[PDB]
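Q: Numbered by the deposited numbering, the letters in the sequence shown go through residues 2 to 70, 73 to 302, 310 to 380, 386 to 673, 677 to 727 in order. From the three backbone atoms N, C-alpha and C, an ideal C-beta is built for every residue, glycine too. Questions regarding the structure given below will be posed in turn.
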Amino acid sequence: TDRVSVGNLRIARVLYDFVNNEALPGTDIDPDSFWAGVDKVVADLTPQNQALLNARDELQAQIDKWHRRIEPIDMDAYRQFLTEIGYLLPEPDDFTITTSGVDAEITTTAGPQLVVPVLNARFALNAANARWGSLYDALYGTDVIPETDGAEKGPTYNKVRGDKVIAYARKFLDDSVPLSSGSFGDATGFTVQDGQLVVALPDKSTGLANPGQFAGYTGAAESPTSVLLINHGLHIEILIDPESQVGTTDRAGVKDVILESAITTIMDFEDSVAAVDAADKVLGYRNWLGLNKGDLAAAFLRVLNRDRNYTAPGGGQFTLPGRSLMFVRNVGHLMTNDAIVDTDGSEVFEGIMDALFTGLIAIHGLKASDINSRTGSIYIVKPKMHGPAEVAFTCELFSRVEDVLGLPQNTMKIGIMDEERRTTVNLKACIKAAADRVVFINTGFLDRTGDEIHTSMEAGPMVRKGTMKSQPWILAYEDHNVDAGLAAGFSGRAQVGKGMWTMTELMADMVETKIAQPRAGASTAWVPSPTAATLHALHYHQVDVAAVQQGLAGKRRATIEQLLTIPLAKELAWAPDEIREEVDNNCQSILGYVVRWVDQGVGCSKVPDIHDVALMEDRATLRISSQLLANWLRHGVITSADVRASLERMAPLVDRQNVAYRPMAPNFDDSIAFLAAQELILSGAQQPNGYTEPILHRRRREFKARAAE
Ligand SMILES: O=C(O)/C(O)=C/C(=O)c1ccc(O)cc1Cl
Ligand SMILES: [Mg+2]
Ligand SMILES: [Mg+2]
Numbered sequence: 002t003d004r005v006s007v008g009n010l011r012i013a014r015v016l017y018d019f020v021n022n023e024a025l026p027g028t029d030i031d032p033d034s035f036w037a038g039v040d041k042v043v044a045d046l047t048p049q050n051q052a053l054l055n056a057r058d059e060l061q062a063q064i065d066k067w068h069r070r073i074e075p076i077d078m079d080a081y082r083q084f085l086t087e088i089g090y091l092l093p094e095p096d097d098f099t100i101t102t103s104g105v106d107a108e109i110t111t112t113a114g115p116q117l118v119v120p121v122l123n124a125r126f127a128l129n130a131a132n133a134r135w136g137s138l139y140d141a142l143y144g145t146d147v148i149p150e151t152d153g154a155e156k157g158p159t160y161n162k163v164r165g166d167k168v169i170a171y172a173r174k175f176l177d178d179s180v181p182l183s184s185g186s187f188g189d190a191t192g193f194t195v196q197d198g199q200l201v202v203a204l205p206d207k208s209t210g211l212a213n214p215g216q217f218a219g220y221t222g223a224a225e226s227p228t229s230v231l232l233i234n235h236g237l238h239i240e241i242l243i244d245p246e247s248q249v250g251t252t253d254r255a256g257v258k259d260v261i262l263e264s265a266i267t268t269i270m271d272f273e274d275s276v277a278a279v280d281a282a283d284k285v286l287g288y289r290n291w292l293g294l295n296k297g298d299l300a301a302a310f311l312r313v314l315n316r317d318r319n320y321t322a323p324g325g326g327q328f329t330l331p332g333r334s335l336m337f338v339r340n341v342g343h344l345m346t347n348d349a350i351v352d353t354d355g356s357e358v359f360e361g362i363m364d365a366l367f368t369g370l371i372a373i374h375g376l377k378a379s380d386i387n388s389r390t391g392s393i394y395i396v397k398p399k400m401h402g403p404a405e406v407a408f409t410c411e412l413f414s415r416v417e418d419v420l421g422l423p424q425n426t427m428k429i430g431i432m433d434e435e436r437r438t439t440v441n442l443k444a445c446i447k448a449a450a451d452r453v454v455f456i457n458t459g460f461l462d463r464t465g466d467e468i469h470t471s472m473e474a475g476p477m478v479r480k481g482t483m484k485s486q487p488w489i490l491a492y493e494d495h496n497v498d499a500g501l502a503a504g505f506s507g508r509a510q511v512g513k514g515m516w517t518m519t520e521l522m523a524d525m526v527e528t529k530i531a532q533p534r535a536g537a538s539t540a541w542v543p544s545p546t547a548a549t550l551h552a553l554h555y556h557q558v559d560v561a562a563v564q565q566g567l568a569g570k571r572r573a574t575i576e577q578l579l580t581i582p583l584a585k586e587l588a589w590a591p592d593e594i595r596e597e598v599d600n601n602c603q604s605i606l607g608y609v610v611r612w613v614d615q616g617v618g619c620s621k622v623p624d625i626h627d628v629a630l631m632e633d634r635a636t637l638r639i640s641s642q643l644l645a646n647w648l649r650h651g652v653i654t655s656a657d658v659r660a661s662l663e664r665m666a667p668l669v670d671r672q673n677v678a679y680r681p682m683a684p685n686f687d688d689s690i691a692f693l694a695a696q697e698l699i700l701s702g703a704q705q706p707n708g709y710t711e712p713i714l715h716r717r718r719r720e721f722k723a724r725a726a727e
């Protein structure tokens, strides 16, 4: 109740102080009219925000009762019913996107896209610096080069493993920017003569099979420090330094091979951070503002990067950006947050808050620092939207914030998350709702799965979690997303993107698997680390995404029948041990992620599963695990005693795995973290659309209360 009255709102003090003292100075916006704008937008838009939420339960309540009636499929009765209640809306006539004022990294460049918790300062700093990463470092410290005999990693440098790193990179160069004759492995040096690349072999001195891939160099042209290359819009740089220990042994004195990695980075306020009050929102706002003001620094002291100067092939000076073009992921429409209350006591919607405050903050990126978008746009991802009407509401919100922040209309562009069922089967209408704003569509397959499990909770027992990846509804969902994206002129205008790789240390598996996404037409895909972005950049150098896309133009490869194929299981597909392992695995990952969410405030964690695989957990993966067990419990393939035994089995395992920690076992009934995970399961099928923030925020709001009395 240390709150600031502005009209009908009682803004928490620490937030109000942060906006006036750190966010507003430099933007030339009168704080009085800003806060009056906050009060006006909240009062004018909260009614429909709440109205669109009641419409979700109302629709889901009918789909619950309909499933309670006994043929298997019948996509005929299921369809005209879903159109009757307004789930299935008409398909609008074809159209093209009008969104303008967008940067090259969105419209044209195809490459990895990094997502990072905005509450972790060092993470967001390295995520912003991730536009340029070392390939040597990515290959050495990772199992992409396996530790067979000789290539074992250790405290000192291993020349054997280091030699395999160099040999790996040499075929990358030969496979991405080849020579006319010979191979990069036998190159004895590099020079620039008469404005073109000349590489000396032991036989001769070949050039580039296409000289148009010679992007530039540093140092002198007759002995460069570095050679700049370009392939499929992505830049490659060879560092030349015979003085360095790696270059000392390299056949051409090469120290490293630099890759353009995360061309864009998403700053996340949502499923990968735990922010439940005004105090938590401010640290994310402060970090997000430091990234826009350029002065974000971590205690050496780590800072952002200036752009990279170069020499053209002719001799002129040019420059290339050293930072990733930053998005920001607001929170969805669901949750409220006591960062602001009204005179009546109720909490204001958290999504309205983020658009006003992250939007005010993003203005600092538009001007000079001691800089983000140069074409004048603000890039905001809005997740967890349900259908085209919610996209239009999301659009009127941004149109009201621009008016309040003064910016010209359509300044705040939006990347649509394609991760709920009602959006998936109404996607063409959702893109049109943001026809002049949309920046990307992206298949959030994890959240889309949890929504598929919940929307058909009453239908029957569902397939095991590891089986959703091969179910027909999700393979259509991906093609259907690429299709209607391209059919709207996204090619050349906006990104068509795909989802997340969670196995943080299975990068050899990532290299031999996430090539499928650029082959599927996606111009971008999600990586969890600056290192994974570097290793993901290899797939775009082997896949001409602009070629894959124009081959897919005019194709329609997914029917409405295919997208509605519910992933139910056939009777008694499972032995007892197969049932138990699924239960243990789901109970394990929930407990591992929740305990750090509730006890320590971390919204993203590495939790090993039952098979000892390190998994990057967020609220989306948590939505899948809880909803699956809550679905198996609802139709009776497990009992309520099986969950508690499994929860009490997996709890001391997590404790031993976990530092300033705190065990849940043995007196489970006392631990707030243990009780939270129990609630997400046993009350799982009654959380709206399976969302986990109601339980998580409340239990986090409860743990903080104890740790102060
Ligand atoms: O499939 C989705 O719904 C989607 O949006 C993915 C994520 O949000 C995510 C998952 C795991 C992580 O470690 C990080 C993130 Cl960012
Ligand atoms: Mg090529
Ligand atoms: Mg998601």
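Measure the alpha-carbon distance for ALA449 versus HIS551 and round it to whole angstroms.
A: 29 angstroms
Q: Going by C-alpha distance, which of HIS556, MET472 and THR710 is nearest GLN61?
A: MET472
Q: Does the region 514 to 523 come into contact with the region 626 to 635, if we say contact requires no fewer than three beta-carbon pairs (one atom in each stretch) closer than 8 angstroms?
A: yes
Q: May I have the straight-line CA-CA distance separating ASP40 from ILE395, to the nearest angstrom?
A: 22 angstroms
Q: Beta-carbon within less than 6 angstroms of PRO533's beta-carbon, same chain only, minus the 5 sequence neighbours each way: which residues are those?
A: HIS554, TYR555, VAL558 and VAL560
Q: Count the C-beta pairs between the region 110 to 128 and the region 265 to 280 that are closer than 8 angstroms, then say yes if the count reaches three, no if not.
A: yes
Q: Please tell me whether, using a cut-off of 7 angstroms, the distance from the CB of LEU294 to the nearest non-hydrogen atom of ligand 1 is below it.
A: no
Q: Name all residues in chain order for which at least one heavy atom of ligand 1 lies closer than 6 angstroms to the residue's CB.
A: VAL118, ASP271, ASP274, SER275, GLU434, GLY459, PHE460, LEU461, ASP462, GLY514, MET515, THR517, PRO543, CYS619, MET631, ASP633, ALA635 and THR636
Q: Apply the 10 Å Cβ neighbour rule to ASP498 and answer buried if 16 or more other Cβ atoms are within range, or exposed otherwise.
A: Under this definition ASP498 is a buried residue.
Q: Since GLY236 and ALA113 are thought to touch, with beta carbons under 8 angstroms apart, how far apart are those beta carbons, to the nearest angstrom?
A: 6 angstroms
Q: Run the proximity test for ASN234: is its beta-carbon closer than 7 angstroms to any non-hydrogen atom belonging to ligand 2?
A: yes
Q: What would DSSP say about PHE686, mapped onto helix, strand or coil?
A: Looking at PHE686 - three-state DSSP - the assignment turns out to be coil, as it is neither helix nor strand.
Q: Going by CA-CA distance only, name the one from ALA503, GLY481, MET515 and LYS443 that's closest to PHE460.
A: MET515
Q: Assuming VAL42 and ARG611 form a contact by the criterion Cβ under 8 angstroms, report the distance between their Cβ atoms to the nearest whole angstrom.
A: The pair is not a contact, with the Cβ atoms about 34 angstroms apart (cut-off 8 angstroms).
Q: Taking 8 angstroms as the threshold (C-beta atoms), are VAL118 and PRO543 in contact?
A: yes
Q: Can you grab the Cα-Cα spacing for the pair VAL313 / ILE12, in whole Å?
A: 32 angstroms
Q: Could you check which residue in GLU435, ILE468, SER226 and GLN603 has the C-alpha nearest to that of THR458?
A: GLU435
Q: Considering just the uninterrupted stretch of the alpha helix (DSSP H) at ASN295, what are its terminal residues?
A: 281 to 296
Q: Pick helix, strand or coil for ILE64, following the three-state DSSP scheme.
A: helix
Q: Would you say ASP559 touches ligand 2, meaning its beta carbon is less than 7 angstroms from a heavy atom?
A: yes
Q: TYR139 lies in the alpha helix (DSSP H); which residues open and close that run?
A: 138 to 143
Q: Quick one: grab the DSSP three-state call for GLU74.
A: coil
Q: Report whether the distance from the Cβ of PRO398 to the nearest heavy atom of ligand 3 is below 7 angstroms.
A: yes
Q: Whether or not the region 576 to 584 and the region 133 to 145 are in contact is what I'm after, with contact meaning three or more pairs of Cβ atoms, one per stretch, closer than 8 angstroms; do they touch?
A: The region 133 to 145 is not in contact with the region 576 to 584.
Q: Going by DSSP, what residues sit across from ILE169 in a beta bridge?
A: The partner list for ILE169 (beta bridge, DSSP) is empty, contrary to what the question assumes.
Q: Where do the N-terminal and C-terminal ends of the alpha helix (DSSP H) with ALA223 fall, by residue?
A: Careful: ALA223 lies outside any alpha helix (DSSP H), inside the beta strand (DSSP E) at 217 to 223.
Q: Please report the distance separating the alpha-carbon of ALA170 from that of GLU357.
A: 59 angstroms
Q: Which residue's Cα is closest to the Cα of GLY324: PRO95, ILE64 and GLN196?
A: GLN196
Q: Among the candidates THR409, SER334, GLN327 and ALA666, whose CA atom is the shortest distance from the CA of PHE692?
A: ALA666
Q: When you measure from the CB of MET432 to every non-hydrogen atom of ligand 3, does any distance come out below 7 angstroms?
A: It does: the Cβ of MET432 is within 7 angstroms (strictly closer) of some heavy atom of ligand 3.
Q: Evaluate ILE261 with the Cβ neighbour count: other Cβ atoms within 10 Å of its Cβ, from every protein chain shown; 16 or more gives buried, anything less gives exposed.
A: Residue burial is scored here from C-beta neighbours: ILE261 has at least 16 other C-beta atoms within 10 angstroms and is therefore classed as buried.
Q: Put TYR679 into one of helix, strand or coil per three-state DSSP.
A: Here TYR679 sits in coil by DSSP.
Q: Tell me which residue opens and which closes the alpha helix (DSSP H) that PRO545 is part of.
A: 545 to 557
Q: Grouping DSSP H, G and I as helix and E and B as strand, with all else coil, what is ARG11?
A: strand
Q: Rounded C-beta distance between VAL180 and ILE243? I'm assuming under 8 angstroms.
A: Not a contact, Cβ separation roughly 16 angstroms.
Q: Work out the CA separation of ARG718 and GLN642 for me, nearest whole Å.
A: 20 angstroms
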